[PDB]
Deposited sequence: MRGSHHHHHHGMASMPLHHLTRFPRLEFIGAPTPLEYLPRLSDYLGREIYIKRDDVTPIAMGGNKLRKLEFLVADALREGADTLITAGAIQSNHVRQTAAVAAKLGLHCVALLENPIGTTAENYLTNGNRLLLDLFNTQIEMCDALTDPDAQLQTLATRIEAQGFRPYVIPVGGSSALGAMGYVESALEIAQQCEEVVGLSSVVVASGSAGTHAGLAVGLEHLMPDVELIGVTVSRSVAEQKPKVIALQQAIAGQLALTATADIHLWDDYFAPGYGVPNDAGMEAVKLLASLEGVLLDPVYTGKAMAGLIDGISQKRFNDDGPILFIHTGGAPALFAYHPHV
């Protein structure tokens, strides 16, 4: 996986913990990969990607990082934190994907942390073409005398996803001589984590089924994205079918549903673990329903990749 430059944002491998009380209530061995407890600013999955993204930015001698997402994007917040830490400027192109006017979505949560990180906020109506909108802003910013480095939506490029290809080795090492996995459940947004884990776990764990619970798209729209990135990563590294469930995001991206919210309550009351309304909560709702519908190929132990997002809870409260 090396030969690609990488910074040290995590260092120690993130915890893999048994969930006894959730396993109790579900009657099935459930494990959790705690990528939410990464050391930088309340954590998240994007640290793994930014280790490669910002390492590439320093090689190209950038002084400014530019990315995009929702107002309450964890990715934007993690990007801003890393930038501040390294002395790099940060420009954010943000949108309101749900059209709310609630003070806490507009000003609290991840968006509040952006003000603290001194992030140059740029508002747009819709991210209809993010790659081309970032490119525009990057020209404007470099015209102002800066050296910008564009980071894609969720940092979900072939290089970005290398963080989660590497992440598979951690899982393989932590599970070995302790637990024999059967299934792995992960949230599938911009496909960065899901494609990354697909390539890695194909080689490092043969008899495991990777399930991608979508948060924004249907199977028809998500399949082409996860396949393409998988074949980009495999080609980049000189090296299996994609499995997706799309029932567990109700009205769309960035809107809470009853199943996802109750999943949040479940893992907080039983395990003291904090999920989020947008990603992990919905991803967990699929996991619970997967056992319920016996949608997994067998009744063996399941691993949930906690990708973070907990700071969103403070923005979505009380409602949106």
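- Not built in the structure, per the record, are deposited positions 1-19, 259-261.
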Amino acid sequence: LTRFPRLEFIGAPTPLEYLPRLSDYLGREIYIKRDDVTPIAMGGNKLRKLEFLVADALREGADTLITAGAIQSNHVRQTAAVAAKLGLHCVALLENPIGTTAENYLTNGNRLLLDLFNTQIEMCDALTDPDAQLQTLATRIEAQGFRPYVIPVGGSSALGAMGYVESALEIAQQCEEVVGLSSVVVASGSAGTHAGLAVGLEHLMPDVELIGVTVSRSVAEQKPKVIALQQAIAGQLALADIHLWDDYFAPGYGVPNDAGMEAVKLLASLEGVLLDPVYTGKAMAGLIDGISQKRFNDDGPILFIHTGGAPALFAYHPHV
From here on, numbers count along this sequence of modelled residues.
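- Compared with the other entries of this protein, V178 is frequently left unbuilt, missing from a third or more of those that build its neighbours.
- Here 173-181 and 76-84 are compared by their mean Cα B-factor, and 173-181 comes out higher.
- Between 110-118 and 187-195, the higher mean Cα B-factor belongs to 187-195.
- In the PDB entry, the Cα temperature factor peaks, among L210, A92, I98, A102, at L210.
- If you compare the C-alpha temperature factors of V255, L26, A285, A41 in the entry, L26 comes out highest.
- In the deposited entry, the Cα temperature factor of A12 places it in the highest third of its chain's modelled residues.
- The deposited CA B-factor of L204 belongs to the highest third of values across its chain.
- In this PDB entry, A220 carries a Cα temperature factor that places it within the highest third of its chain's modelled residues.
- Per the PDB record, residue ranking by Cα B-factor puts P20 in the middle third of the chain.
- Per the PDB record, residue ranking by Cα B-factor puts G61 in the middle third of the chain.
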